[PDB]
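Ideal geometry is used to build each Cβ from the backbone, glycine not excepted, and the neighbour counts take in all protein chains shown. Since every read-out is calculated from the coordinates, none of them should be taken as a lab result.
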2 protein chains.
Amino acid sequence: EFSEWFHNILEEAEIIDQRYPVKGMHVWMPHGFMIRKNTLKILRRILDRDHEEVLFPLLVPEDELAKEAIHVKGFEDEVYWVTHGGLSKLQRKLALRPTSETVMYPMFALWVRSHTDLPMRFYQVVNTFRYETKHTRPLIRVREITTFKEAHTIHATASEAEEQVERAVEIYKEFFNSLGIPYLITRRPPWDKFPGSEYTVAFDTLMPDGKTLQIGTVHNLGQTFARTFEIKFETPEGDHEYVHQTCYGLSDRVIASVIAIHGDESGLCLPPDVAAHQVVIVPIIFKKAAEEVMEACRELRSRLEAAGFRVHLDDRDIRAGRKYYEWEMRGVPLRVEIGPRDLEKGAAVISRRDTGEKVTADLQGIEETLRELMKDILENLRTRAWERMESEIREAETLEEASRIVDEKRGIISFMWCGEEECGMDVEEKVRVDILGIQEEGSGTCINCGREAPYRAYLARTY
Amino acid sequence: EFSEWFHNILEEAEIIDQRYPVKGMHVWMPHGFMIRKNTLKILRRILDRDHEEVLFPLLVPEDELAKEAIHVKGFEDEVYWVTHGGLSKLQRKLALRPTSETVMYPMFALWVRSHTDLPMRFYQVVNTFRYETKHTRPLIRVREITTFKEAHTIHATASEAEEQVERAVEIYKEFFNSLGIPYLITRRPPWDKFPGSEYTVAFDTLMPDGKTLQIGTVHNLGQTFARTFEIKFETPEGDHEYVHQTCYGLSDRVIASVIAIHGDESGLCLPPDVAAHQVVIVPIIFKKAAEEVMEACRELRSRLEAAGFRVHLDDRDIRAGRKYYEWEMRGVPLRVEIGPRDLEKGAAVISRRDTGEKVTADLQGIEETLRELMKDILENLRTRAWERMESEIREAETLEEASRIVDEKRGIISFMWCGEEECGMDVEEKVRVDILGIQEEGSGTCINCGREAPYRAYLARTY
Ligand SMILES: C[C@H](N)C(=O)NS(=O)(=O)OC[C@H]1O[C@@H](n2cnc3c(N)ncnc32)[C@H](O)[C@@H]1O
Ligand SMILES: C[C@H](N)C(=O)NS(=O)(=O)OC[C@H]1O[C@@H](n2cnc3c(N)ncnc32)[C@H](O)[C@@H]1O
Ligand SMILES: [Mg+2]
Ligand SMILES: [Mg+2]
Ligand SMILES: [Zn+2]
Ligand SMILES: [Zn+2]
């Protein structure tokens, strides 16, 4: 049910066109692009406080890419390879970046010398490629991840690296909260962690189809990559130790989530700061003081723009009904309607997209009325969202109880787990599900082997 | 001389790092990235008035790419090819886009149906690839063009297409004027035009080494591509005719130009709206009312930010001299110095980067003082630039006179030309130079074959 909804809204709202001759690679149409644009503004506003945006190459030579032990193994048959340059065969294969560690790190080896240099915090929003699962899914599982934001940090002590991991987590919380997206933060099992990292922390959110979606990861690379690429730095004493690194990233999935989570029967419903337009002015006219209604709207649009609004006056010549539908299925938060009546009173009608509540305000201070309304809509959408999610995280004491809940209600399954490889795999297999990760807390007994359970774990059917 | 200057400023100002294991592919460091960022804001501000930004895939399948007659021939051995997906060999080669016609057009075939649909004006800023000349050059001739803005338009009548070509030209003029970049607009010879187009209009600018640099092209594709990809549309009568297309684009070269053209002995000198910072506040302190000098600067920074300035307070603990040098070689337009004296008078010192003029203004209305100063700097830089260029465009009546001027003074050579293939080639060969293009005007006699010369032509040593 959700799948069809998603696929249809992506087309109707003209977010992306999937009809491209190469599977797993979609086109961002105008509207979709605007949403992607605003989602990124929000993200960069946060990241730019303490991170420096950069832009590295797309292609990586075998030599560099394979310098990894586990990392190369982690993307082996997952990389695309350019082998020829025209008709000529390159004397050194070039791989399309799947992620940029093997691209930036050898360069970091150069950029880093003195402890005065550290800490360095970089990031970029580029396109990465991954040859995977025959199962392609829009904005969720693509071959060309068009909105891959990857951050990489460098530190002097392993201490600061961990502190960074915590900072990243706070950055994503803030990012997501702005999108009104709820999430569950856990620590991935050591066999799911980023290839070569010390550990991986992941953010997972729940899709309307009861399935979970990883929408962000933070990895603590310790000094593994440092040693691999020789990234050393001089201490104030005169020694040469390897740096401590961490990296984290999001993808188009964030945009899928926003669409999906605040999804709706009417179409898209988006946080005001993500929508292509925050306020769409629709003048109501039947050839009765039209010249006056119009100039009332125009004046309003201009007035809103100067106040910093992303407004749009829909003066097309069609039935206001059709207009309402359009901007509604597209996700515009506020609709401002103006007609002879209201006009001849100094007021207008403001309709909400999340609720439906049409209220009446004075065109005199409307700017503030709108600003407030917007703050309200986010909080509501964010709240609703959190409720909906938490109400799907259910505890289980028996592996049997789990299988029953998952299969009947889907969602997330909370449970105490011993945290052992074999036990975990066994849990996954028996329940045909994936262990999202753990959360250290009070002990108990592993839902499976009954032994001592140091961790609170979650599992679910994932994307 | 210029070359070394360029290469050194790119490194000293930390614009791009060229030390990447793959030739023709550079890294944008923080500072460089900020300039690229602002240059693009300026560009998008213009383009977004009537164009819709989008984002198509990177990879193109042989099938589509080769659908062209001359176009495929035009990029034959110029394309990179991904042949394997992991260890598996794809059953259909994928080419990294060199430009996106073969990517967007088949999609346009779908997006276009009714004349009500046209006109459509799209554009994107993506990374394109081109396997060319062994001679790699930063921001000028790269294998991975990291800042390729390509616009594509669709029209109902060939009439509107031409009108579009004129619009594009006006858009680039405005874009360039904002960067204070001078240019010569001409019509490329029919053997240099974009592969498959009706004709190509190009913008060329002059580099400090007397060589010319193509910094923009607008192509009128007529219905050539329409027929190739079956892009038809329904007329109000009910007929089905092919659409009229045009496309135009710029690259990182625009950023090279800005750096190079307003180049300088002190380092970078950039248009206020391109610099990483428009105003850098440097407090002068020697342990004498410091606490008061500082709070005077801070207050100023905040005050400037709220006014919309990209300001930066350099409160580092170093000699103000070293600070001046840094922000000066980096291109910051205005430096605001504050010390005990000036402070205890309600005024500060404002130094210009283009001139050097340090003036004294009242911290009371300084915002407007600065805004004005900025407008002044652009106009100056733009003017200087135009003078410098026009003073290098020299007329020649004899093929011999040309060879003498080119070889001794470089620059552009104006001349009357018959406009014939063989005659043109002959001119180029004999003078070891390239014919930039023509400009229809009063007749005369071809500098070479003496026959009737319908066009005013230019030639020079190019990049
Ligand atoms: C930051 C680290 N270098 C990185 O690459 N981590 S990652 O491999 O976990 O990817 C980061 C995020 O990208 C998203 N992602 C991964 N593969 C994807 C795919 N094929 N399609 C869409 N999003 C994907 C997920 O939300 C994931 O959390
Ligand atoms: C718009 C059309 N589809 C296009 O591709 N035209 S073009 O091939 O002429 O390229 C547009 C512009 O990109 C720049 N350009 C072309 N090849 C380049 C290269 N190898 N490195 C840097 N800039 C390049 C030039 O300034 C040129 O005017
Ligand atoms: Mg698992
Ligand atoms: Mg030529
Ligand atoms: Zn167990
Ligand atoms: Zn001639």
Among (1) over 23 Å from A:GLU357 (Cβ atoms); (2) of a type in the set (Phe, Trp, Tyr); (3) in contact with a strand residue (DSSP E or B) (Cβ under 6 Å, 6 or more places away or on another chain) - the single one A:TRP327 does not satisfy: (1)
Any hit, region A:78-95, residues being at the interface with chain B (Cβ under 7 Å from one of its Cβ atoms), among the hydroxyl-bearing types (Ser, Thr, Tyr) and either within 30 Å of B:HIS31 (Cβ to Cβ) or under 29 Å from the mean Cα position of the chain (by Cα) (or both): yes
Check on B:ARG404, assigned to a strand (DSSP E or B), among the basic types (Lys, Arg) and more than 16 Å from ligand 4 (Cβ to nearest atom): no
Residue under evaluation A:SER443, criteria (1) touching a strand residue (DSSP E or B) at 6+ places or on another chain (Cβ under 7 Å); (2) surrounded by fewer than 16 Cβ atoms within 10 Å (Cβ to Cβ); (3) assigned to a helix (DSSP H, G or I), criterion not met: (3)
Residues that are assigned to a helix (DSSP H, G or I) and of a type in the set (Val, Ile, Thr), drawn from region B:284-308: B:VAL293
Selection status of B:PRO106, at the interface with chain A (Cβ under 9 Å from one of its Cβ atoms) and not in a helix (DSSP H, G or I): no
Any hit, region A:54-74, residues being out of contact with any strand residue (DSSP E or B) (no Cβ under 8 Å at 6 or more places or on another chain) and either facing chain B (nearest Cβ under 7 Å) or of a type in the set (S, T, N, Q) (or both): yes
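Which ones in region A:14-52 are in a loop (DSSP other than H, G, I, E, B) and without any contact (Cβ under 8 Å) to a residue 24 or more places away in the chain?
A:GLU14, A:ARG19, A:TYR20, A:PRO21, A:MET29, A:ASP48, A:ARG49
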Members of region B:420-440 found to be within 13 Å of ligand 4 (Cβ to nearest atom) and in a loop (DSSP other than H, G, I, E, B), listed by number: B:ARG432, B:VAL433
Filter result (buried (at least 19 other Cβ atoms within 10 Å of the Cβ) and either within 21 Å of A:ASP204 (Cα to Cα) or within 16 Å of ligand 2 (Cβ to nearest atom) (or both)) within region A:412-433: A:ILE412, A:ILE413, A:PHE415, A:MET416, A:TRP417, A:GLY419, A:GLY424, A:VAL427, A:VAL431, A:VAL433
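From the list B:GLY222, B:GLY216, which one is of a type in the set (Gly, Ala, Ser), surrounded by fewer than 22 Cβ atoms within 10 Å (Cβ to Cβ) and more than 14 Å from every other protein chain (Cβ to nearest Cβ)?
B:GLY222
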Pairs with Cβ under 7 Å, 6+ apart, first in region A:413-441 and closer than 12 Å to A:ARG187 by Cβ, second within 16 Å of ligand 2 (Cβ to nearest atom): none
In region B:140-180, residue surrounded by the fewest Cβ atoms within 10 Å (Cβ to Cβ) [restricted to those that are assigned to a loop (DSSP other than H, G, I, E, B) and either within 16 Å of ligand 1 (Cβ to nearest atom) or within 14 Å of another protein chain (Cβ to nearest Cβ) (or both)]: B:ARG143
Pair list, Cβ < 6 Å and 6+ apart or interchain, from region A:238-260 residues that are touching a residue at least 12 places away in the same chain (Cβ under 8 Å) and among the basic types (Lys, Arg) to residues that are assigned to a loop (DSSP other than H, G, I, E, B) and away from ligand 2 (no atom under 16 Å from the Cβ): A:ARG253/A:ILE140
From B:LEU399, B:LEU436, residue being aliphatic (A, V, I, L, M), within 21 Å of the chain's Cα centre (by Cα) and either surrounded by 13 or more Cβ atoms within 10 Å (Cβ to Cβ) or away from ligand 6 (no atom under 16 Å from the Cβ) (or both): B:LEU436
Count of residues meeting criterion [within 12 Å of chain B (Cβ to nearest Cβ) and farther than 30 Å from B:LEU139 by Cα] in region A:4-34: 14
Region A:411-463, residues that are closer than 27 Å to A:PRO182 by Cα, within 9 Å of ligand 5 (Cβ to nearest atom) and among the polar types (S, T, N, Q): none
Selected residue (criterion: farthest from A:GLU14 (Cα to Cα)) from residues of region B:109-121 that are in a helix (DSSP H, G or I) and more than 7 Å from every other protein chain (Cβ to nearest Cβ): B:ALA109
